[PDB]
Amino acid sequence: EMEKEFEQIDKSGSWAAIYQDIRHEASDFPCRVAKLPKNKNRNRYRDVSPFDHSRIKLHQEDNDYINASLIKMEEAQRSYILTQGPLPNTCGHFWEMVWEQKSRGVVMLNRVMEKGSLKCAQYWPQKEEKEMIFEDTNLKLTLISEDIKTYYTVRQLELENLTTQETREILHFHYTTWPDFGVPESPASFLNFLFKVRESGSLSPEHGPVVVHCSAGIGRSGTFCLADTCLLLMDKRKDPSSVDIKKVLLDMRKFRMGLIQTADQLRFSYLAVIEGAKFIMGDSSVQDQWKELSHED
Ligand SMILES: O=C(O)C(=O)Nc1cc2ccccc2cc1C(=O)O
C-alpha cells in the first residue's frame with residue numbers, strides 16, 4: 001500500500017531523498033521553441049518552459065507559441081493543460097488557447113500577488129459591468145457571476161469569439177490560500193476544492209482539457225493534477241494498491257518539467273490521495289466531512 005509507503009518514508013524521513021530521486025529520473029525533452037529569442041517575453045520564468053513535443057500551439061499564423069503543455073494521462077483517460085500565470089501581453093493568447101482547446105474549466109492555484117511580487121496578470125473581469133476585450137486574439141470575456149468561499153471563488157465567465165460571435169461558458173476555480181512553493185491548509189480543503197472542480201463537469205471528457213495554472217504552471221498545478229489522476233486511477237480499478245504515486249508523477253514528467261516543486265508537495269500529494277481513497281472506495285459521506293472541516297462557508 002501507498003500508506004505503508006508513506007509511513008516507511010515518514011518513519012525514515014526521506015521525503016527529500018525520494019523527491020531528489022524523482023528530480024533524478026524525470027524526463028528531459030527539447031524546448032527549442034520556448035527558447036526562440038522571439039518568445040522571450042512569452043515566458044514568465046527563464047527556467048520554466050514547455051517541451052516542444054507537448055506544448056500547446058495557438059492556431060495563429062503569426063506566432064503559435066504559448067507557455068502551456070498538454071499533460072496526457074492515457075491510462076486514467078484524463079488530460080490537462082498546464083500553463084504559467086498569464087503575463088500582461090499573453091492574456092489574449094491564454095484565452096485563445098481556452099477557445100481553441102475548448103476548455104470548460106480553468107483552475108488558478110495562485111494569487112495575483114504572492115510574497116510581495118506579481119505572480120500573474122489579472123486576466124479575468126472582476127466585475128460584471130466591466131468586460132474585458134482582447135484585441136490581439138479578438139475575444140470578449142464577461143463576469144457572469146461568482147460564489148465566494150473563504151478559501152476559494154468560483155466564477156462563471158462568458159467567453160466570446162468576436163469573429164463569429166459564438167459564446168462559451170467558462171468556470172474559473174480560484175484557490176486563494178495555497179501558498180507559492182507550499183501545500184494546502186489540509187487534505188480536506190484541497191479535496192473539497194478538487195471535488196468542486198469534478199462536480200462542475202470541467203474534468204469530463206465531453207470538454208477539452210481543463211486549463212490548470214499557478215504562477216509557473218508546475219509546483220501547485222502538478223500537485224492538483226497528481227492527486228486528481230491517482231484518484232482517477234484507483235477509481236477505475238477500485239484498486240488503491242495498483243497506484244504508484246511516484247510512477248504517476250514521472251509519467252506527467254514526460255509532458256511538462258518540474259511538476260511538484262517541493263518534497264512537502266510530494267508528501268502533501270500522498271496525504272491527499274490516501275484521504276481521497278476514502279471517497280473512491282465507497283464512503284461517499286467522507287465528502288460531506290471534507291466540506292465541513294474545510295470551513296468553506
Ligand atoms: O506556483 C507555483 O507553485 C510555481 O510553480 N512557482 C514557481 C516555480 C518555479 C520553478 C522554477 C523556477 C522559477 C519558479 C518560480 C515560481 C514562482 O512562482 O515564483
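Cut-off values and rules
Residues numbered from 1 in each chain as written, not as in the entry; some residues may be left out. Heavy atoms only, no water. UniProt positions renumbered as here; feature names shortened; annotations may be inferred. Helix = DSSP H or I, 4+ residues; strand = E, 2+ residues; numbered from the N terminus. Buried < 20%, exposed > 50% of the residue type's maximum accessible area, 1.4 Å probe, protein only. Contact = heavy atoms within 4.5 Å. Polar contact = N/O pair within 3.5 Å; in protein donor to acceptor, adjacent residues only side chain to side chain. Near = heavy atom within 4 Å. Nonpolar A, V, L, I, M, F, W, Y, C, P; charged D, E, K, R; others polar. Pairing = 2+ DSSP bridges.

Within the PDB entry, the label attached to the chain reads PROTEIN (PROTEIN-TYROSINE PHOSPHATASE 1B), and the organism entered is Homo sapiens. Per the PDB header, the title for this entry is "CRYSTAL STRUCTURE OF PROTEIN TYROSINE PHOSPHATASE 1B COMPLEXED WITH 3-(OXALYL-AMINO)-NAPHTHALENE-2-CARBOXLIC ACID". UniProt annotates the chain under Subunit (literature references left out) with the comment "Interacts with EPHA3 (phosphorylated); dephosphorylates EPHA3 and may regulate its trafficking and function. Interacts with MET. Interacts with NCK1." Recorded under Sequence similarities, the UniProt text for the chain is reproduced unchanged: "Belongs to the protein-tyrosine phosphatase family. Non-receptor class 1 subfamily."

Give a description of the environment of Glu 114 that names residues and reports values.
Tracing the chain through its elements places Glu 114 in strand β5 (residues 113–114). Judged by relative accessible area, which is 2%, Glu 114 ranks as buried. Spatially, the C-alpha atom of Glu 114 lies 23 Å from that of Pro 50, the residues being 64 residues apart in sequence. Residue contacts for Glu 114: discarding those within four places in its chain leaves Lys 119, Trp 178, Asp 180 and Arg 220. A distance of 3.1 Å separates a polar atom in the side chain of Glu 114 from the backbone nitrogen of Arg 111.

Tell me about unusual backbone geometry, and name the residues and values.
Of note, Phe 181 is a non-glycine position whose phi angle comes to about 60°, a positive value. With respect to the helices and strands, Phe 181 occurs in the loop between β10 (166–175) and α4 (187–199). Positive phi, close to 70°, is recorded for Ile 260, a residue that is not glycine. Looking at where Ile 260 falls in the secondary structure, it is placed in the loop between α6 (245–253) and α7 (263–280). You can call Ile 260 buried: its relative accessible area is 0%.

Describe the site of the ligand, listing the residues and the values that go with them.
Every residue close to the ligand is listed here: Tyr 45, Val 48, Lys 119, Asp 180, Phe 181, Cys 214, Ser 215, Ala 216, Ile 218, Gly 219, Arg 220 and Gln 261. Side-chain polar atom of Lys 119 to an oxygen atom of the ligand: 3.1 Å apart, as the coordinates give it. Between an oxygen atom of the ligand and a side-chain N or O atom of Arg 220, the distance comes to 2.6 Å. A per-class count over the shell around the ligand returns six nonpolar, three polar and three charged.

Just give me the short version of the pairing of strand β2 (residues 65–73), but keep the residues and values in it.
By the criterion of burial, β2 is predominantly enclosed, with seven of the nine residues buried. Direction of pairing for strand β1 (residues 55–57) relative to β2: antiparallel, over a ladder of two bridges. Within β2, the residue paired with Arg 55 across the bridge is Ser 69. Sheet topology note: the β2/strand β3 (residues 78–83) ladder contains six bridges and is antiparallel. Within the sheet, the bridge partner assigned to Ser 69 lies in β3 and is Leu 82. Connecting β2 to the antiparallel partner β3 that follows it, the hairpin turn spans four residues, and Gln 77 within it adopts a positive phi of roughly 60°.

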